[PDB]
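Trainee: Below you'll find the structure I mean.
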Amino acid sequence: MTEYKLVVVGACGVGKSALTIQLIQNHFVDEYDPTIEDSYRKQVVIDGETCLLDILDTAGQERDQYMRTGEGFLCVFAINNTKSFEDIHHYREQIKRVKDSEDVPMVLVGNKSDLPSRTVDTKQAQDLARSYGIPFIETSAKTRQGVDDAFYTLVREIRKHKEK
Ligand SMILES: C=Cc1cc2c(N3CCC4(CC3)CN(C(=O)CC)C4)nc(OC3CCN(C)CC3)nc2c(OCC)c1-c1c(C)ccc2[nH]ncc12
Ligand SMILES: Nc1nc2c(ncn2[C@@H]2O[C@H](COP(=O)(O)OP(=O)(O)O)[C@@H](O)[C@H]2O)c(=O)[nH]1
Ligand SMILES: [Mg+2]
């Protein structure tokens with residue numbers, strides 16, 4: 001059984017917890033306590049390989065130890081929160097710093113696609129991920145659009161970087 005350490009990052013309110021809950025439990029949550037940071041588990045056979053996903057859902061204060069052993073990063077913004085999207089450059093800079101690498105397994109996630117009248121357009125997200133050399137996945141923790149893609153793609157990005 002192969003372990004993968006995943007770290008979900010992004011601003012308050014983007015849907016980090018909701019996306020994780022959708023992965024573990026296959027249902028959309030309305031609230032979830034913004035003060036809870038923990039690491040959760042999910043066992044899935046991905047491409048014939050029994051995986052144990054260790055998904056750290058971040059929260060708390062505005063630490064290198066935890067982040068340094070992250071193998072892949074889910075960088076999440078909400079498509080109706082321009083600031084959360086603009087924040088992604090900061091999170092990427094800081095992740096690179098701690099891995100001392102230009103090539104860190106990373107997936108850019110645009111969450112809340114079920115919400116009307118987005119303020120961050122898919123072109124803006126697609127351009128950013130292209131510039132980073134990383135996949136972009138649009139999600140809705142509400143429908144569940146893209147939730148599997150986001151996590152399975154990150155696992156695959158990790159494999160691409162290193163033997164597992
Ligand atoms: C994940 C660690 C982290 C979080 C924040 C952060 N969080 C706020 C958002 C939540 C967690 C963390 C998610 N939460 C919730 O869901 C509850 C509502 C709270 N915010 C800001 O900075 C902000 C944003 C960009 N602005 C331009 C300036 C100020 N930086 C952060 C930061 O980099 C620190 C430089 C790091 C960080 C990284 C990536 C890498 C190594 C590191 N080691 N130690 C910190 C750190
Ligand atoms: N319509 C909609 N609401 C969402 C979605 N994802 C999260 N939310 C809501 O956004 C709010 C904050 O989400 P939460 O998962 O706590 O965000 P966090 O701070 O990143 O963990 C909650 O009320 C969620 O129900 C989504 O994909 N669509
Ligand atoms: Mg949360």
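By order in the structure tokens, chains are A, B, ...; within a chain, residues start at 1; ligands start at 1, following the order shown.
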Please return as number ranges by chain the residues found within 12 Å of ligand 1, counting only C-alpha atoms and all ligand atoms.

Mentor: A: 6-18, 31-38, 56-70, 73-77, 83-100

Trainee: If you run DSSP over the backbone, which residues in chain A end up helix (DSSP H, G or I)? Put them as JSON, numbers by chain.

Mentor: {"A": [16, 17, 18, 19, 20, 21, 22, 23, 24, 25, 64, 65, 66, 67, 68, 82, 83, 84, 85, 86, 88, 89, 90, 91, 92, 93, 94, 95, 96, 97, 98, 99, 122, 123, 124, 125, 126, 127, 128, 129, 130, 131, 132, 147, 148, 149, 150, 151, 152, 153, 154, 155, 156, 157, 158, 159, 160, 161]}

Trainee: Report, in Å with one decimal, the straight-line distance from CA of residue 136 (chain A) to CA of residue 108 (chain A).

Mentor: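 It comes out at 4.8 Å.
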
Trainee: Mind listing the strand (DSSP E) residues of chain A, per DSSP on the backbone, as a ChimeraX atom specification?

Mentor: /A:2-9,38-46,49-57,72-78,106-111,136-138

Trainee: Which residues of region 12-108 of chain A have any atom within 8 Å of an atom in region 158-163 of chain A when counting only C-alpha atoms, and what is the closest pair of atoms for each, with the distance in Å to one decimal? Order the rows by chain and rising number and write it as a Markdown table.

Mentor:
```
| residue | atom | partner | partner_atom | distance |
| --- | --- | --- | --- | --- |
| A:71 | CA | A:158 | CA | 6.5 |
| A:72 | CA | A:158 | CA | 6.0 |
| A:103 | CA | A:161 | CA | 7.9 |
| A:104 | CA | A:161 | CA | 7.7 |
| A:105 | CA | A:158 | CA | 5.3 |
```

Trainee: Hey, what's within 9 Å of residue 145 (chain A) if we count only C-alpha atoms and toss same-chain stuff fewer than 5 positions away? As a list in words, please?

Mentor: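 Near residue 145 (chain A), the qualifying residues are residues 113, 114, 138, 139 and 140 of chain A.
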
Trainee: Rank A:78, A:147, A:51, A:1 by their smallest atom-to-atom distance to residue 24 (chain A), using only C-alpha atoms, and report the top residue only.

Mentor: A:147

Trainee: Could you jot down the CA of residue 42 (chain A) to CA of residue 54 (chain A) separation for me, Å, one decimal place?

Mentor: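 According to the coordinates, CA of residue 42 (chain A) and CA of residue 54 (chain A) are separated by 7.0 Å.
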
Trainee: Out of A:25, A:30, A:164, A:3, which residue has the shortest atom-to-atom distance to ligand 3 when counting only C-alpha atoms and all ligand atoms?

Mentor: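 Among the listed residues, A:30 lies closest to ligand 3.
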
Trainee: Check the smallest atom-to-atom distance from each of A:102, A:124, A:19, A:48 to residue 148 (chain A) using only C-alpha atoms, then report the winner.

Mentor: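 Answer, going by the shortest atom-to-atom distance: A:19.
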
Trainee: Could you state the separation of CA of residue 50 (chain A) and CA of residue 155 (chain A) in Å, given to one decimal place?

Mentor: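 Distance between the two atoms: 11.8 Å.
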